[PDB]
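In the form deposited in one PDB entry, a lone chain appears below as structure tokens.
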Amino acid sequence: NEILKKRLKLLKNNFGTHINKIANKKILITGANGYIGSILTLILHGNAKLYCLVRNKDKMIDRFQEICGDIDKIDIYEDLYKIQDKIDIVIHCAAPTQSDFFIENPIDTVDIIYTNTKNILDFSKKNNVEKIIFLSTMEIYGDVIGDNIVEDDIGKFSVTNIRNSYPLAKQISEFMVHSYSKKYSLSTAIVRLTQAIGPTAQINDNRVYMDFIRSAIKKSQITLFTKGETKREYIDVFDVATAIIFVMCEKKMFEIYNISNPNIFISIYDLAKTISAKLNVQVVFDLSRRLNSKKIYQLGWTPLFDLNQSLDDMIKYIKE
């Protein structure tokens, strides 16, 4: 409770004037039971009227109660076509996010993401939504290398590499989003996220940082199967949520934003080291690319959570 409360209070202090340009907007969040979707719901519910599209209502209640949210101030739907009230802003978070799924089920990866993007843009256009935010991925930059990748950079994709299911589905989605904006004057923004971290992540999450946390707790040891020199950007999930909120507030027909914390670029080894020290174990061995996130800074956004707080909060949160 206290971890989340301290975070809700810090956000409001730094940016409450912004969260305010959002008072009583009707906000639809798809994939709202998900990591990012649920943190957005938490932050915005009450101060606005929150509609949550999810595959399973009960799963939504359980997640929302766990992270200390008032279910009586969210309207949970399972069927887009039952939402009858007017909607001001849509945040589309719904997607399959398991890497395994991308290679095991590349057909459905494409079909699911394509179909949902289509359905939500159709819904948005028909409903004369004020703005739709589409959550995308740094995987859209594909091959591109550099320490300063801008939104106008563009990956290439082999059609015969099945792991491209997810980036190719997000690319076609992005194209549809821009298209609805140019054709119909529907306000849209795309946000390309690095990789979210911080409290409310679960022990079973298939991400390297959580593999390290799990392995330190269960095996009292973290094993690296390479030298771990690859560097990766991370950003606290609350700082993702606040960035999306800033984008929501910008009146602009079309825009693309990289969302990352440019202070966090860490090697896998260094990540393993700090996690191990935090859990009183050791790293043992058994034998890149950075986005420019300057654009988002121009809205007045800043990230509040550094890697160390994000890890402490995430670990402490799991333990309790």
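The first residue of the shown sequence is 1; numbering continues from there. Each form is matched to the other, and the largest set of C-alpha atoms that superpose within 1.5 Å is called the rigid core.
Residues with no coordinates between residue 287 and residue 288 in the deposited sequence, how many: none, 1 to 3, 4 to 9, or 10 or more? The entry has 10 or more unmodelled residues between residue 287 and residue 288.
Identify the stretch, either 32-40 or 61-69, whose C-alpha atoms have the larger mean B-factor according to the entry. Averaging CA B-factors over each stretch, the winner is 61-69.
Compare the mean C-alpha B-factor of 170-178 with that of 195-203 as given in the PDB entry, and name the stretch with the higher value. Of 195-203 and 170-178, the stretch with the higher C-alpha B-factor average is 195-203.
Among 259, 272, 50, 53, which residue carries the highest C-alpha B-factor recorded in the PDB entry? Result of the comparison over 259, 272, 50, 53: 50.
Quick one: which of 163, 86, 92, 227 shows the highest Cα temperature factor in the PDB entry? Reading the PDB entry, the winner on C-alpha B-factor is 86.
Within-chain third of residue 293 by Cα B-factor, per the entry: For residue 293, the deposited C-alpha B-factor lands in the highest third.
Chain-relative CA temperature factor third for residue 112: Lowest third.
Using only modelled residues of the chain, where does the Cα B factor of residue 105 rank: lowest third, middle third or highest third? Middle third of the chain for residue 105's C-alpha B-factor.
Comparing against every modelled residue in the chain, figure out the third that the C-alpha B-factor of residue 130 lands in (lowest, middle or highest). Middle third, going by the recorded CA B-factors of the chain.
Quick check for you: using the entry's CA B-factors within this chain, is residue 217 in the lowest, middle or highest third? Middle third.
One more form of this protein exists, namely the form deposited in another entry; it is left out here, but the text below deals with it.
Relative to the superposed core, which single residue of 155, 167, 228, 106 shows a CA shift of 2 Å or more between the shown form and the other one? With the rigid core fitted, the residue that moves is 228.
Taking the rigid core as reference, does residue 263 move its C-alpha 2 Å or further between the shown form and the other one? Residue 263 C-alpha, core-superposed: shift of less than 2 Å.
Checking residue 282 here: with the core superposed, does its CA move 2 Å or more between the shown form and the other one? Where the cores coincide, residue 282 still shows a C-alpha shift between the shown form and the other one that is 2 Å or more.
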